[PDB]
Amino acid sequence: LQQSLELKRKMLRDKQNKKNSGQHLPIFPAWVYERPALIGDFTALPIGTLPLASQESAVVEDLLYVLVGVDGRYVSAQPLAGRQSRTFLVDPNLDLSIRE
Amino acid sequence: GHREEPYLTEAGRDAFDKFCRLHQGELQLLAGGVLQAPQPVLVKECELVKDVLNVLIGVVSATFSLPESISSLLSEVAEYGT
């Protein structure tokens, strides 16, 4: 996640020593990169999901959160962005049909 | 009134399934442990329909890994999802 700041510094230096006549090329301040805010990712019933018909309604609202960027109660987003294929962690004790 | 003690061929859905497990146990006795064909139960109808219709999507289920004649009827539509 930090090597992108190195990339930005290299492309900064390239445009800086190239175009030598005008005023200094614009930059963002560092906090715009250092915020986790701008990147989209950042009483819950311990019954072990017994009820079969209620498991669909519970996981689908966790799905309605997870479609748009939010870790769920039962699904959970793994702390990569090491890579770019960001994997998720569903609850283990689920109906296997629903978990699949 | 004292009704006609349910004639067999009309009285099913419990007495016929009781009856299937009876002939199954009889064949298991005529074999004597070398057959042992259990699981004459479980479960329901509509959820099995959502299950088999899910098998067409590739999905794994409780009886899909990766009476008793529903195994043959189930193979005819299992091999579709494969």
# chains A, B, ... in the order shown; residues from 1 in each chain; ligands from 1
>>> interface_residues(of="chain B", to="chain A", cutoff="8 Å", atoms="only C-alpha atoms", output="list in words")
residues 59, 60, 61 and 62 of chain B
>>> write_last_selection(atoms="C-alpha atoms", output="CSV table (one decimal), in the first residue's frame")
chain,number,residue,atom,x,y,z
B,59,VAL,CA,-24.2,-25.8,-6.1
B,60,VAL,CA,-23.1,-28.1,-3.3
B,61,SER,CA,-25.7,-29.1,-0.8
B,62,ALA,CA,-26.5,-31.5,2.0
>>> residues_around(residues="range 38-46 of chain A", least_positions_apart="2", cutoff="8 Å", atoms="only C-alpha atoms", output="ChimeraX atom specification")
/A:32,35-36,48-49,69-70,73
>>> residues_around(residues="range 73-82 of chain B", least_positions_apart="3", cutoff="8 Å", atoms="only C-alpha atoms", output="CSV table (one decimal) with N, CA and C atoms, in the first residue's frame")
chain,number,residue,atom,x,y,z
B,52,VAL,N,-32.5,-29.2,-5.6
B,52,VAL,CA,-32.1,-29.8,-6.9
B,52,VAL,C,-32.0,-28.7,-8.0
B,55,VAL,N,-28.8,-27.4,-7.7
B,55,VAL,CA,-27.8,-28.3,-8.3
B,55,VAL,C,-27.5,-27.9,-9.7
B,56,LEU,N,-28.5,-27.4,-10.5
B,56,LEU,CA,-28.3,-26.9,-11.8
B,56,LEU,C,-27.4,-25.7,-11.9
B,57,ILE,N,-27.1,-25.0,-10.8
B,57,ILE,CA,-26.3,-23.8,-10.8
B,57,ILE,C,-24.9,-24.2,-10.4
B,58,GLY,N,-24.6,-25.5,-10.2
B,58,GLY,CA,-23.4,-26.0,-9.8
B,58,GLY,C,-23.3,-26.2,-8.3
B,69,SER,N,-36.3,-44.7,-3.7
B,69,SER,CA,-36.1,-44.6,-5.1
B,69,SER,C,-35.8,-43.2,-5.6
B,70,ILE,N,-35.9,-42.3,-4.7
B,70,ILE,CA,-35.6,-40.9,-4.9
B,70,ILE,C,-34.1,-40.7,-5.3
>>> residues_around(residues="residue 47 in chain B", least_positions_apart="3", cutoff="12 Å", atoms="only C-alpha atoms", output="JSON list (two decimals) with C-alpha atoms, in the first residue's frame")
[["chain", "number", "residue", "atom", "x", "y", "z"],
["A", 52, "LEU", "CA", -32.58, -22.43, 8.53],
["A", 53, "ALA", "CA", -35.18, -20.05, 7.06],
["A", 97, "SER", "CA", -25.73, -24.27, 0.54],
["B", 42, "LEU", "CA", -35.38, -37.08, 5.63],
["B", 43, "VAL", "CA", -36.65, -34.60, 4.72],
["B", 44, "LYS", "CA", -39.36, -32.58, 2.97],
["B", 50, "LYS", "CA", -34.83, -25.57, -4.18],
["B", 51, "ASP", "CA", -31.93, -27.99, -3.52],
["B", 52, "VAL", "CA", -32.15, -29.80, -6.88],
["B", 53, "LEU", "CA", -32.77, -26.55, -8.76],
["B", 54, "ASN", "CA", -29.69, -25.24, -6.99],
["B", 61, "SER", "CA", -25.71, -29.10, -0.79],
["B", 62, "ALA", "CA", -26.53, -31.52, 2.02],
["B", 63, "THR", "CA", -27.05, -34.57, -0.21]]
>>> select_by_dssp(residues="range 30-74 of chain A", states="helix (DSSP H, G or I)", output="PDB file with N, CA, C and O atoms, in the first residue's frame")
ATOM      1  N   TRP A  31      -1.722  13.640   3.373  1.00  0.00           N
ATOM      2  CA  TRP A  31      -2.823  13.029   4.114  1.00  0.00           C
ATOM      3  C   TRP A  31      -3.901  12.479   3.188  1.00  0.00           C
ATOM      4  O   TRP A  31      -4.639  11.579   3.588  1.00  0.00           O
ATOM      5  N   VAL A  32      -4.007  13.009   1.962  1.00  0.00           N
ATOM      6  CA  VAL A  32      -4.953  12.486   0.975  1.00  0.00           C
ATOM      7  C   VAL A  32      -4.611  11.042   0.624  1.00  0.00           C
ATOM      8  O   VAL A  32      -5.498  10.206   0.411  1.00  0.00           O
ATOM      9  N   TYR A  33      -3.318  10.720   0.595  1.00  0.00           N
ATOM     10  CA  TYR A  33      -2.898   9.334   0.446  1.00  0.00           C
ATOM     11  C   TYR A  33      -2.943   8.572   1.763  1.00  0.00           C
ATOM     12  O   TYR A  33      -3.208   7.366   1.768  1.00  0.00           O
ATOM     13  N   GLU A  34      -2.683   9.241   2.889  1.00  0.00           N
ATOM     14  CA  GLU A  34      -2.529   8.499   4.138  1.00  0.00           C
ATOM     15  C   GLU A  34      -3.876   8.198   4.798  1.00  0.00           C
ATOM     16  O   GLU A  34      -3.931   7.421   5.758  1.00  0.00           O
ATOM     17  N   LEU A  52     -32.965 -22.249   9.931  1.00  0.00           N
ATOM     18  CA  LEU A  52     -32.580 -22.426   8.532  1.00  0.00           C
ATOM     19  C   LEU A  52     -33.223 -21.378   7.632  1.00  0.00           C
ATOM     20  O   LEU A  52     -32.576 -20.861   6.714  1.00  0.00           O
ATOM     21  N   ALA A  53     -34.493 -21.053   7.876  1.00  0.00           N
ATOM     22  CA  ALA A  53     -35.178 -20.052   7.064  1.00  0.00           C
ATOM     23  C   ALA A  53     -34.745 -18.631   7.412  1.00  0.00           C
ATOM     24  O   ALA A  53     -34.861 -17.727   6.578  1.00  0.00           O
ATOM     25  N   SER A  54     -34.259 -18.411   8.634  1.00  0.00           N
ATOM     26  CA  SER A  54     -33.797 -17.085   9.032  1.00  0.00           C
ATOM     27  C   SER A  54     -32.350 -16.837   8.629  1.00  0.00           C
ATOM     28  O   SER A  54     -31.895 -15.685   8.632  1.00  0.00           O
ATOM     29  N   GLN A  55     -31.610 -17.903   8.301  1.00  0.00           N
ATOM     30  CA  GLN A  55     -30.229 -17.746   7.852  1.00  0.00           C
ATOM     31  C   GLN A  55     -30.155 -17.019   6.516  1.00  0.00           C
ATOM     32  O   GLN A  55     -29.222 -16.242   6.280  1.00  0.00           O
ATOM     33  N   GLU A  56     -31.131 -17.255   5.631  1.00  0.00           N
ATOM     34  CA  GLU A  56     -31.160 -16.552   4.351  1.00  0.00           C
ATOM     35  C   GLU A  56     -31.368 -15.056   4.544  1.00  0.00           C
ATOM     36  O   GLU A  56     -30.667 -14.245   3.932  1.00  0.00           O
ATOM     37  N   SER A  57     -32.288 -14.676   5.436  1.00  0.00           N
ATOM     38  CA  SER A  57     -32.585 -13.264   5.652  1.00  0.00           C
ATOM     39  C   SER A  57     -31.449 -12.547   6.376  1.00  0.00           C
ATOM     40  O   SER A  57     -31.231 -11.349   6.162  1.00  0.00           O
ATOM     41  N   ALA A  58     -30.719 -13.258   7.238  1.00  0.00           N
ATOM     42  CA  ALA A  58     -29.615 -12.631   7.961  1.00  0.00           C
ATOM     43  C   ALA A  58     -28.404 -12.425   7.056  1.00  0.00           C
ATOM     44  O   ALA A  58     -27.762 -11.365   7.085  1.00  0.00           O
ATOM     45  N   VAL A  59     -28.072 -13.429   6.247  1.00  0.00           N
ATOM     46  CA  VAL A  59     -26.874 -13.332   5.423  1.00  0.00           C
ATOM     47  C   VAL A  59     -27.113 -12.409   4.226  1.00  0.00           C
ATOM     48  O   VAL A  59     -26.185 -11.741   3.753  1.00  0.00           O
ATOM     49  N   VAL A  60     -28.365 -12.292   3.761  1.00  0.00           N
ATOM     50  CA  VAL A  60     -28.624 -11.441   2.598  1.00  0.00           C
ATOM     51  C   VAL A  60     -28.531  -9.957   2.961  1.00  0.00           C
ATOM     52  O   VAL A  60     -28.209  -9.124   2.106  1.00  0.00           O
ATOM     53  N   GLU A  61     -28.771  -9.595   4.228  1.00  0.00           N
ATOM     54  CA  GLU A  61     -28.586  -8.196   4.605  1.00  0.00           C
ATOM     55  C   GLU A  61     -27.115  -7.908   4.879  1.00  0.00           C
ATOM     56  O   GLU A  61     -26.630  -6.801   4.604  1.00  0.00           O
ATOM     57  N   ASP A  62     -26.380  -8.908   5.383  1.00  0.00           N
ATOM     58  CA  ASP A  62     -24.922  -8.813   5.406  1.00  0.00           C
ATOM     59  C   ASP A  62     -24.362  -8.768   3.992  1.00  0.00           C
ATOM     60  O   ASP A  62     -23.339  -8.118   3.742  1.00  0.00           O
ATOM     61  N   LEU A  63     -25.033  -9.441   3.053  1.00  0.00           N
ATOM     62  CA  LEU A  63     -24.661  -9.332   1.648  1.00  0.00           C
ATOM     63  C   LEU A  63     -24.936  -7.945   1.099  1.00  0.00           C
ATOM     64  O   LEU A  63     -24.135  -7.415   0.323  1.00  0.00           O
ATOM     65  N   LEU A  64     -26.073  -7.351   1.479  1.00  0.00           N
ATOM     66  CA  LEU A  64     -26.431  -6.019   0.999  1.00  0.00           C
ATOM     67  C   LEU A  64     -25.445  -4.966   1.492  1.00  0.00           C
ATOM     68  O   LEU A  64     -25.274  -3.920   0.857  1.00  0.00           O
ATOM     69  N   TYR A  65     -24.785  -5.230   2.622  1.00  0.00           N
ATOM     70  CA  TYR A  65     -23.659  -4.398   3.027  1.00  0.00           C
ATOM     71  C   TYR A  65     -22.386  -4.758   2.256  1.00  0.00           C
ATOM     72  O   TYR A  65     -21.614  -3.867   1.882  1.00  0.00           O
ATOM     73  N   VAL A  66     -22.146  -6.053   2.000  1.00  0.00           N
ATOM     74  CA  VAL A  66     -20.845  -6.456   1.456  1.00  0.00           C
ATOM     75  C   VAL A  66     -20.749  -6.173  -0.043  1.00  0.00           C
ATOM     76  O   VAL A  66     -19.650  -6.183  -0.606  1.00  0.00           O
TER      77      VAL A  66
END
>>> residues_around(residues="range 23-33 of chain B", least_positions_apart="6", cutoff="12 Å", atoms="only C-alpha atoms", output="VMD selection string")
chain B and resid 16 to 17 39 to 40 67 to 69
>>> residues_around(residues="residue 81 in chain A", least_positions_apart="5", cutoff="10 Å", atoms="only C-alpha atoms", output="VMD selection string")
chain A and resid 1 41 86 to 87
>>> atom_distance(atom1="CA of residue 23 in chain A", atom2="CA of residue 7 in chain A")
21.8 Å
>>> select_by_dssp(residues="chain A", states="strand (DSSP E or B)", output="PyMOL selection string")
chain A and resi 76-77+88-89
>>> atom_distance(atom1="CA of residue 2 in chain A", atom2="CA of residue 29 in chain A")
15.1 Å
>>> atom_distance(atom1="CA of residue 82 in chain A", atom2="CA of residue 14 in chain A")
26.4 Å
>>> decode(residues="range 53-70 of chain B", atoms="N, CA, C and O atoms", output="CSV table (one decimal), in the first residue's frame")
chain,number,residue,atom,x,y,z
B,53,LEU,N,-32.8,-27.7,-7.8
B,53,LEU,CA,-32.8,-26.5,-8.8
B,53,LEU,C,-31.5,-25.8,-8.5
B,53,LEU,O,-30.9,-25.3,-9.5
B,54,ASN,N,-31.0,-25.7,-7.3
B,54,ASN,CA,-29.7,-25.2,-7.0
B,54,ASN,C,-28.6,-26.1,-7.6
B,54,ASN,O,-27.6,-25.6,-8.0
B,55,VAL,N,-28.8,-27.4,-7.7
B,55,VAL,CA,-27.8,-28.3,-8.3
B,55,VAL,C,-27.5,-27.9,-9.7
B,55,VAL,O,-26.3,-28.0,-10.2
B,56,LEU,N,-28.5,-27.4,-10.5
B,56,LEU,CA,-28.3,-26.9,-11.8
B,56,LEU,C,-27.4,-25.7,-11.9
B,56,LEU,O,-27.0,-25.3,-13.0
B,57,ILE,N,-27.1,-25.0,-10.8
B,57,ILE,CA,-26.3,-23.8,-10.8
B,57,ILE,C,-24.9,-24.2,-10.4
B,57,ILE,O,-23.9,-23.4,-10.3
B,58,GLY,N,-24.6,-25.5,-10.2
B,58,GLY,CA,-23.4,-26.0,-9.8
B,58,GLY,C,-23.3,-26.2,-8.3
B,58,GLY,O,-22.2,-26.5,-7.8
B,59,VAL,N,-24.4,-26.0,-7.5
B,59,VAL,CA,-24.2,-25.8,-6.1
B,59,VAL,C,-24.0,-27.1,-5.3
B,59,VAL,O,-24.6,-28.1,-5.6
B,60,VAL,N,-23.2,-27.0,-4.2
B,60,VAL,CA,-23.1,-28.1,-3.3
B,60,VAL,C,-24.1,-27.9,-2.2
B,60,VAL,O,-24.5,-26.8,-1.8
B,61,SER,N,-24.5,-29.0,-1.6
B,61,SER,CA,-25.7,-29.1,-0.8
B,61,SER,C,-25.5,-30.2,0.3
B,61,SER,O,-24.4,-30.7,0.4
B,62,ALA,N,-26.6,-30.5,0.9
B,62,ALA,CA,-26.5,-31.5,2.0
B,62,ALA,C,-26.4,-32.9,1.5
B,62,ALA,O,-25.7,-33.8,2.1
B,63,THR,N,-27.1,-33.3,0.4
B,63,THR,CA,-27.1,-34.6,-0.2
B,63,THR,C,-26.3,-34.6,-1.5
B,63,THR,O,-26.1,-35.6,-2.1
B,64,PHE,N,-25.8,-33.4,-2.0
B,64,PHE,CA,-25.0,-33.3,-3.2
B,64,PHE,C,-23.6,-32.9,-2.8
B,64,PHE,O,-23.3,-31.8,-2.4
B,65,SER,N,-22.7,-33.9,-2.8
B,65,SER,CA,-21.3,-33.7,-2.5
B,65,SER,C,-20.5,-33.5,-3.8
B,65,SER,O,-21.0,-33.4,-4.9
B,66,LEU,N,-19.2,-33.4,-3.7
B,66,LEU,CA,-18.3,-33.2,-4.8
B,66,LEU,C,-16.9,-33.8,-4.6
B,66,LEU,O,-16.5,-34.7,-5.3
B,67,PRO,N,-39.8,-43.1,0.5
B,67,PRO,CA,-39.2,-44.3,0.1
B,67,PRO,C,-37.7,-44.3,0.0
B,67,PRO,O,-37.0,-43.6,0.8
B,68,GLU,N,-37.2,-44.9,-1.0
B,68,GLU,CA,-35.8,-45.0,-1.3
B,68,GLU,C,-35.4,-45.0,-2.8
B,68,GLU,O,-34.2,-45.1,-3.1
B,69,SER,N,-36.3,-44.7,-3.7
B,69,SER,CA,-36.1,-44.6,-5.1
B,69,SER,C,-35.8,-43.2,-5.6
B,69,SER,O,-35.5,-43.0,-6.8
B,70,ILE,N,-35.9,-42.3,-4.7
B,70,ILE,CA,-35.6,-40.9,-4.9
B,70,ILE,C,-34.1,-40.7,-5.3
B,70,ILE,O,-33.7,-39.7,-5.9
